[PDB]
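A.B. asks: One structure follows; several queries about it will come next.
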Amino acid sequence: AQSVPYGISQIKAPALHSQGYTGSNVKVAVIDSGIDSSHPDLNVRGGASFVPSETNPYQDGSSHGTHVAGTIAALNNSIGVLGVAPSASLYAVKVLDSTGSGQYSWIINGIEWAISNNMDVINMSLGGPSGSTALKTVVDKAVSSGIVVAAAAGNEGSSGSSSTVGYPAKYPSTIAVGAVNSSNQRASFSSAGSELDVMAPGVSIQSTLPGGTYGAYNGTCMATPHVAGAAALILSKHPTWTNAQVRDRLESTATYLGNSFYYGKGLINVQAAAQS
Ligand SMILES: [Ca+2]
Ligand SMILES: [Ca+2]
Numbered sequence: 001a002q003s004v005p006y007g008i009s010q011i012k013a014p015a016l017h018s019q020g021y022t023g024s025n026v027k028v029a030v031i032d033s034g035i036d037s038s039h040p041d042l043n044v045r046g047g048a049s050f051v052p053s054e055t056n057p058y059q060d061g062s063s064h065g066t067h068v069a070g071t072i073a074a075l076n077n078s079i080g081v082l083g084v085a086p087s088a089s090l091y092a093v094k095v096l097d098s099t100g101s102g103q104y105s106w107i108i109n110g111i112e113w114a115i116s117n118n119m120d121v122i123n124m125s126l127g128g129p130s131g132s133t134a135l136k137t138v139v140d141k142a143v144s145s146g147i148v149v150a151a152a153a154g155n156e157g158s159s160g161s162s163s164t165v166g167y168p169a170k171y172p173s174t175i176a177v178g179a180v181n182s183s184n185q186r187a188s189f190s191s192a193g194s195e196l197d198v199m200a201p202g203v204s205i206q207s208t209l210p211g212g213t214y215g216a217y218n219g220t221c222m223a224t225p226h227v228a229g230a231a232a233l234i235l236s237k238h239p240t241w242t243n244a245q246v247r248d249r250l251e252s253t254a255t256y257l258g259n260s261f262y263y264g265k266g267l268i269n270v271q272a273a274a275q276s
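Residue 7 in the deposited numbering is what sits at position 7 of the sequence shown, and the numbering runs on without skipping anything.
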């Protein structure tokens, strides 16, 4: 039997599903450690690897990309879990190796691939503490091209009044996503700063794992795919909205939870964001 992870319900994705919107025809690039394309609860439509030592983007030695992918678009069926956008078109853009790490050069190549292949949404559940002009340039290029780019805010916790949001979440062109639990409480590891845009569930998030199994992880890495999936739901209902419109609706209709330094605009509400 199929289970719906709490986070899917917490962002009100089922309301869109009931309206008949599940992300159909929206192309979502999972820029991560690959996706186990053999998982029976995933449908991976394409992809590409930019890790020199791992030419196969459809094998995931880390599990990170496969878990992220399941939160975005685990299939609606008789097994496993259910994604935010279970009909979305998933693409495995491998820029991280089996250790779950990668160089910015690999990541940049993945974003370029997403642009060249006309992706609608980019999920980047990754980041580092140091900036990069080349990274900012390609991320801005993706946004100017019309792509919705969601990025994990970071797992560095809080440090007084200083921002701990990492890159590329720190860039204004990306949606920086923090993590809350099922009570809408901020996770203590969730990075904070003026760059934080929204929150999504990121504690004990059940999703798909390589080998056809399932398991729970914590991180802003897990919160980000809720926003990527939400953007895919919004585009399946409003195919003409620009990425700027999609972003504005996700942020402005969020459920305020408190100090924006720690919570941004609050918890995304895709039901309110997608209201005609
Ligand atoms: Ca399923
Ligand atoms: Ca992670």
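Using N, Cα and C, we set each Cβ at its ideal position, and we do this for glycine too.
(1) Which of helix, strand or coil does DSSP assign to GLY47?
(2) Residue range of the beta strand (DSSP E) that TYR263 falls in?
(3) Could you give the first and the last residue of the continuous beta strand (DSSP E) run that contains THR213?
(4) Pick from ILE35, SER191, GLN185, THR174: whose alpha carbon is nearest that of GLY212?
(5) Entirely within the stretch 101-155 and at least 4 residues each: give me those alpha helix (DSSP H) ranges in chain order.
(6) Is any heavy atom of ligand 1 found at a distance shorter than 6 Å from the C-beta of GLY80?
(7) For ligand 2, any of its heavy atoms closer than 6 Å to the Cβ of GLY219?
(8) Cβ of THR224 within 7 Å of Cβ of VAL165?
(9) Assuming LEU16 contacts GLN271 under a Cβ cut-off of 8 Å, what Cβ separation, rounded to an integer in Å, is found between them?
(10) Closer than 6 Å to a non-hydrogen atom of ligand 1 - does that hold for the CB of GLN2?
(11) Note down the Cα distance separating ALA69 from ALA85, rounded to an integer number of angstroms.
(12) For the structure I just gave you, are there three or more beta carbon pairs, one from the stretch 60-74 and one from the stretch 41-52, closer than 8 Å?
(13) Which same chain residues, not among the five before or five after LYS265, have their C-beta less than 6 Å away from its C-beta?
(14) If contacts are defined as beta-carbon pairs under 8 Å, then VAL81 and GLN206 qualify, I think. What distance do you get, rounded to the angstrom?
(15) Can you check DSSP and say which residues form a bridge with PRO201?
(16) Does the separation of the CB atoms of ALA169 and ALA187 fall below 7 Å?
(17) Regarding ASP41 and ligand 1, is the C-beta to nearest heavy atom distance less than 6 Å?
(18) Below 8 Å on the Cβ atoms is my guess for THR174 versus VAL139; work out the distance and round it to an integer in Å.
(19) Return the chain-ordered list of same chain residues with a C-beta closer than 6 Å to the C-beta of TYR262, the five sequence neighbours on each side being excluded.
(20) Name the residue from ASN117, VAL95, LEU90 whose alpha carbon lies nearest to the alpha carbon of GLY127.
(21) Less than 6 Å separating the Cβ of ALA74 from some heavy atom of ligand 1?
C.D. replies: Reading from the atomic positions:
(1) strand
(2) Counting along the chain, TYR263 falls outside any beta strand (DSSP E), though it belongs to the alpha helix (DSSP H) covering 260-263.
(3) 213-217
(4) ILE35
(5) 104-116, 133-144
(6) yes
(7) yes
(8) no
(9) 6 Å
(10) yes
(11) 10 Å
(12) yes
(13) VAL198, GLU251, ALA254
(14) 6 Å
(15) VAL180
(16) no
(17) yes
(18) 6 Å
(19) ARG186, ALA192
(20) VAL95
(21) yes
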